[PDB]
Amino acid sequence: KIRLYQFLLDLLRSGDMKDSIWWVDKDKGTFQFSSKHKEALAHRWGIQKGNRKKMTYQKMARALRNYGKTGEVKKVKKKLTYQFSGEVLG
DNA sequence: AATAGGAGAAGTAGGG
DNA sequence: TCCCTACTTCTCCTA
């Protein structure tokens with residue numbers, strides 16, 4: 001399979017869905033979702049995983065919040081903004 | 001009212 | 001026979 005953070009970084013480094021996700025500072029590993037178009041990106045993540053239900057941003061964020069312990073993805077005080085770690089970027 | 005944010009509980013998929 | 005990993009799903013509260 002493929003992990004959730006690896007899936008978001010690939011979209012960023014392929015320029016796929018520029019309307020749903022984008023860098024805020026490639027150096028700081030900061031990225032942000034689109035308020036009005038994030039669900040389109042959420043739908044893809046669910047289909048690509050073959051999940052039983054339709055993936056939503058709420059369920060995707062619930063999984064992103066787990067990365068706070070390990071450290072692959074940390075939340076930022078900005079709206080819909082997150083940040084990769086220096087390790088994953090490498 | 002809208003939107004984002006959070007998380008415990010219990011569950012599935014896949015591998016060992 | 002069971003557990004680990006990595007989410008997933010549902011529900012409820014909160015800013």
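For the numbers below, each heavy atom of this structure counts, side chains included, while hydrogens, waters and symmetry mates do not. Each chain gets a letter, A, B and so on, in the order its sequence line appears, and its residues count up from 1.
- For the pair A:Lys79 and B:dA4, the criterion of a side-chain N or O lying under 4.0 Å from OP1 or OP2 is met.
- Distances shorter than 4.0 Å separate some side-chain N or O of A:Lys49 from OP1 or OP2 on C:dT8.
- Residue A:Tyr57 contributes atom OH, which lies 17 Å from atom P of C:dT9 at whole-angstrom precision.
- Look at A:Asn66 and you won't find any side-chain N or O under 4.0 angstrom from OP1 or OP2 of C:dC7.
- The backbone N or O of A:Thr56 sits nowhere less than 3.5 Å from a side-chain atom of A:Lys59 that would complete a donor-acceptor pair.
- A donor-acceptor contact shorter than 3.5 Å links the side chain of A:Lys75 to the backbone of A:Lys78.
- The residue A:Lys54 sits apart from the nucleic acid: no heavy atom pair falls under 4.0 Å.
- Atom CG of A:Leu64 is separated from atom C1' of B:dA4 by 14 Å (rounded to the nearest Å).
- For the pair A:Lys53 and C:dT9, the criterion of a side-chain N or O lying under 4.0 Å from OP1 or OP2 is not met.
- A donor-acceptor contact under 3.5 Å links the side chain of A:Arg65 to the base of B:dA7.
- Judged by distance alone, with hydrogens and angles left aside, the side-chain atoms of A:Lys28 form no donor-acceptor pair with the main-chain N or O of A:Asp25 at under 3.5 Å.
- For A:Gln58 and A:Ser34, each mapped to the nucleotide of DNA chain B holding its nearest heavy atom, the one lying further toward the 5' end belongs to A:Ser34.
- Atom P of nucleotide B:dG6 and atom CE of A:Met60 are separated by 13 Å, given to the nearest angstrom.
- Across all strands, A:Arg62 comes closer than 4.0 Å to base atoms (heavy-atom distances).
- The separation between A:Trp45 atom CH2 and C:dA6 atom P is 12 Å, rounded to whole Å.
- A donor-acceptor pair under 3.5 Å is absent between the side-chain atoms of A:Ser20 and the main chain of A:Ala40, judged by distance alone.
- Which of B:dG5, B:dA13, C:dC7 sits closest to the side chain of A:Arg52 comes down to B:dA13.
- In this structure, A:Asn51 places its CG atom 11 Å from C1' of C:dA6, rounding to the nearest Å.
- In this structure, A:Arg3 places its CZ atom 4 Å from P of C:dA6, rounding to the nearest Å.
- Between A:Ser35 and B:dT3 there is no side-chain N or O to OP1 or OP2 distance below 4.0 Å.
- At whole-Å resolution of the value, CE in A:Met55 and P in B:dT12 are 16 Å apart.
- Whole-Å rounding puts the A:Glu72 CD to C:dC7 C1' distance at 13 Å.
- Proximity of A:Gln32 to A:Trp22: side-chain heavy atoms (C-beta onward) are separated by under 4.5 Å at one or more points.
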